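Chains as they are written, first to last, in the deposited numbering: chain L, 552 to 605; chain N, 1 to 427; chain K, 1 to 95; chain A, 1 to 117; chain J, 1 to 160.
Worksheet: one structure, shown below.
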């Protein structure tokens with residue numbers, strides 16, 4: 552049973568890696584390729600940065 | 001007075017190309033850049049200023065790096081258009097003027113002088129190259145507008161447009177933010193990073209070499225002049241590293257993945273901005289420039305238009321030295337001992353911790369440990385089975401250049417107490 | 001001081017254009033408006049701080065001329081044989 | 001130099017010229033037979049399609065206009081030297097000469113390539 | 001002052017609204033020329049005189065003329081073709097359009113400045129010794145930049 556549990560622990564570490572990759576591709580899907588999307592995200596980030604600077 | 005050399009060579013060759021074959025113009029450009037590099041060597045520790053043009057450690061170091069990348073990428077380019085060489089020279093001078101000045105408006109003129117040829121150099125005429133050029137041009141003009149209103153508000157805070165002014169409160173902060181926007185855009189800092197993957201993917205590989213060396217060098221050379229507050233710096237670093245590495249995990253193409261890697265590395269380099277060391281940052285960028293130029297010369301020997309991840313594989317069987325150099329380069333870009341990437345990473349992290357920013361640094365380190373996923377999916381892949389991939393195994397020029405770059409990466413990893421003692425005034 | 005607030009408002013207007021405009025040409029026009037709002041702010045701060053912002057704005061105009069030339073050359077190169085310059089027709093490169 | 005009064009006089013000059021031109025437009029438009037016809041409102045040339053369906057016009061006009069914008073920037077930069085010249089001495093003269101030589105090299109490039117294209 | 005100042009600002013803002021709202025490219029560029037005229041008048045009112053003359057000569061006379069030359073070579077007036085409309089971005093941009101103003105307004109709000117300097121009018125008589133001198137390096141850089149711009153556009157189009 553504890554061998555099974557170690558198997559499950561390693562599988563959970565794999566699940567951590569899989570969550571990392573999934574989050575990564577969700578952030579990668581943010582780059583659609585339409586220039587309007589890129590300029591909108593650019594302006595949003597620049598406004599956010601200028602707001603933080605206070 | 002190296003700028004004189006650059007201006008003279010560019011303006012002379014502009015007309016001489018009508019009388020000289022592209023090969024002759026190529027050899028002339030090579031001579032001019034090598035002479036400018038030598039002039040930088042003989043002027044080590046000889047500061048020279050005329051007006052807003054001011055030569056300090058940053059100027060010398062980063063212009064040396066840019067000239068190195070320019071020489072390398074010219075070594076590869078053989079096209080029968082002298083223009084495809086002239087622009088290189090131009091870009092060089094431009095990037096030179098970017099690192100060698102404190103005047104904000106002269107900074108804008110240098111930004112334009114270096115950015116204009118870079119839009120056109122990416123035109124192998126592939127439609128995606130034009131898509132990249134248009135994305136690049138529009139976003140760069142937007143960033144130029146932002147930088148310009150920042151310089152305007154800076155002049156609003158003080159009677160001069162030269163950095164080093166005392167600076168007011170909120171208006172000075174706003175002006176500095178609007179300058180940092182464009183400067184980090186040139187430096188591939190998030191959340192301004194969107195252009196980098198598309199542009200790196202669409203453009204021919206040697207052009208991306210030239211970019212990933214000289215653009216980033218000159219952009220950080222201009223960034224060090226700014227007195228960026230640490231909070232905005234934390235925002236940029238966190239967003240850049242996190243999104244860069246995460247989205248780089250999901251990438252299937254070599255050039256796009258590497259553009260994301262350059263975003264993560266720009267996030268790492270921005271840590272020296274906590275202290276503005278400009279010695280550690282000079283060393284870091286030296287190592288990164290060498291490694292990435294090497295990798296992209298190899299990628300050029302593989303494919304100009306686009307390189308898939310499988311193409312990198314089996315290279316050792318194809319070329320032994322190339323596979324070794326790609327592996328070493330991947331490890332150095334990971335920042336692993338005893339490689340110089342580790343010294344640069346350590347120096348930047350030391351400056352950042354010395355400024356007392358802990359969560360950001362730890363997050364950058366954890367994400368850099370995450371980066372081993374694809375850094376290893378690239379470095380080790382050299383030994384895999386060669387799948388279908390166009391492969392042109394280069395001339396001896398690029399082979400010897402790659403060998404020297406890799407040897408220097410590992411040598412500066414083992415024994416940094418050789419050059420790093422001379423990255424300040426240069427005893 | 002009302003002039004500098006107006007410069008900021010024009011900067012915002014050019015931003016609204018760049019975001020909203022579909023074609024390259026109108027985006028570039030909005031960018032010209034942004035640069036001239038910056039020039040207005042530079043002229044104001046030169047009147048406040050002694051006339052150097054005027055030569056600054058002059059150089060800005062030169063910059064706009066260079067980037068207008070290059071942008072129009074690029075636009076022609078991409079969309080002469082091609083149909084409407086609409087950039088949403090170019091989505092090959094995706095994340 | 002010049003007072004601001006001349007500038008309001010300029011504005012009045014423009015207002016008067018504009019008002020008289022609009023007056024001439026009113027005279028022309030109000031006085032007429034007013035019998036529209038379908039063929040009258042047609043563009044030109046005998047049935048349809050004077051030019052009609054044609055491809056986009058030659059780019060040479062773009063080339064000429066871009067040349068003009070860059071060299072008109074040149075002229076705008078040459079003017080402050082034209083007025084304040086003797087005060088700049090041989091140093092300013094030599095600087096403006098270098099500037100002119102650079103842009104004239106740009107012209108020399110565009111000419112040796114030529115635009116018949 | 002405020003009598004004509006309000007008029008000039010209303011014309012500037014309305015022209016910007018036109019050039020960013022109207023779908024007719026020609027109307028937009030025309031509104032931008034009206035904008036430049038209003039702005040050169042404001043420059044004049046700001047004791048910046050020579051720069052206003054170059055603004056009308058270069059910007060209106062040269063740049064937007066080439067804009068008009070290209071868009072008349074390439075009709076492009078009916079821009080709404082190949083839409084991918086993305087309607088939500090039209091109001092949303094206004095949000096961002098407000099935002100990029102607000103923070104600027106914060107930097108300038110509560111800010112008192114010394115707008116008192118006897119420029120004696122922005123004549124080139126006084127701008128010459130600045131241009132050739134403290135600014136000569138920027139001038140030479142700009143000239144070389146223009147040469148590079150010509151070469152880039154020429155090598156860029158160059159049908160062959």
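Positions of the beta carbon are idealized from the N, C-alpha and C atoms, including for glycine.
Assigned secondary structure, residue i (DSSP; H/G/I helix, E/B strand, else coil)
i                     : result
residue 162 (chain N) : strand
residue 144 (chain N) : helix
residue 73 (chain N)  : helix
residue 170 (chain N) : helix
residue 7 (chain A)   : helix
residue 388 (chain N) : coil
residue 292 (chain N) : helix
residue 287 (chain N) : helix
residue 53 (chain N)  : strand
residue 197 (chain N) : helix
residue 83 (chain K)  : coil
residue 230 (chain N) : helix
residue 253 (chain N) : strand
residue 308 (chain N) : strand
residue 205 (chain N) : helix
Burial state of residue i (16 or more Cβ within 10 Å)
i                     : result
residue 30 (chain A)  : exposed
residue 1 (chain J)   : exposed
residue 204 (chain N) : buried
residue 45 (chain A)  : exposed
residue 75 (chain A)  : exposed
residue 244 (chain N) : buried
residue 34 (chain A)  : exposed
residue 112 (chain A) : exposed
residue 343 (chain N) : buried
residue 15 (chain J)  : buried
residue 193 (chain N) : buried
residue 135 (chain N) : buried
residue 43 (chain A)  : exposed
residue 375 (chain N) : buried
residue 10 (chain A)  : exposed
residue 228 (chain N) : buried
Beta-carbon separation (whole angstroms), residue i vs residue j, contact threshold 8 Å
i                     : j                     : result
residue 4 (chain N)   : residue 148 (chain J) : At roughly 17 Å, the Cβ-Cβ gap does not stay under 8 Å, so residue 4 (chain N) and residue 148 (chain J) are not in contact.
residue 571 (chain L) : residue 249 (chain N) : 7 Å
residue 240 (chain N) : residue 259 (chain N) : Incorrect: roughly 12 Å between the Cβ atoms, too far for contact.
residue 6 (chain N)   : residue 89 (chain N)  : 7 Å
Span separating the alpha-carbon of residue i from that of residue j
i                     : j                     : result
residue 282 (chain N) : residue 271 (chain N) : 13 Å
residue 70 (chain K)  : residue 138 (chain N) : 11 Å
residue 394 (chain N) : residue 40 (chain J)  : 58 Å
residue 423 (chain N) : residue 90 (chain A)  : 40 Å
residue 35 (chain J)  : residue 11 (chain J)  : 7 Å
residue 58 (chain N)  : residue 589 (chain L) : 32 Å
residue 70 (chain A)  : residue 82 (chain A)  : 18 Å
residue 47 (chain A)  : residue 37 (chain A)  : 14 Å
residue 104 (chain J) : residue 12 (chain K)  : 9 Å
residue 36 (chain K)  : residue 97 (chain A)  : 29 Å
residue 325 (chain N) : residue 403 (chain N) : 7 Å
Proximal residues of chain J, C-beta to C-beta of residue i below 7 Å
i                    : result
residue 80 (chain A) : 124, 127, 128 and 131
Residue i: CB within 7 Å of a non-hydrogen atom of the ligand MG
i                    : result
residue 31 (chain A) : Ligands in the displayed structure: none, and consequently the ligand MG is not present.
Per-residue contacts from residue i into chain K (C-beta, under 9 Å)
i                     : result
residue 62 (chain A)  : 72, 73 and 76
residue 109 (chain N) : 59, 62 and 63
Neighbouring residues, chain J, relative to residue i (Cβ below 9 Å)
i                     : result
residue 595 (chain L) : 96 and 99
Proximal residues of chain L, C-beta to C-beta of residue i below 8 Å
i                     : result
residue 197 (chain N) : 582
Contact list for residue i against chain K, beta-carbon separation under 8 Å
i                     : result
residue 144 (chain J) : Here the premise fails: no neighbours, minimum Cβ distance about 11 Å.
Residue i: contacting residues in chain L (beta-carbon distance under 9 Å)
i                    : result
residue 81 (chain J) : In chain order: nothing, as chain L lies at least about 16 Å away.
residue 87 (chain K) : 585, 586 and 587
Closer than 8 Å at the beta carbon, the chain N residues around residue i
i                     : result
residue 586 (chain L) : 134, 135, 138 and 139
Contacts of residue i in chain A (Cβ-Cβ under 9 Å)
i                    : result
residue 68 (chain K) : 66 and 69
Chain-ordered neighbours of residue i on chain A, where CB pairs are closer than 7 Å
i                   : result
residue 1 (chain J) : Under the 7 Å cutoff, chain A gives no residues; its nearest Cβ is about 12 Å from residue 1 (chain J).
Closer than 8 Å at the beta carbon, the chain J residues around residue i
i                    : result
residue 50 (chain N) : 137
Chain-ordered chain L contacts of residue i [CB-CB under 7 Å]
i                     : result
residue 103 (chain K) : With chain K represented from 1 up to 95, any question about residue 103 (chain K) goes unanswered, as that position is not in the structure.
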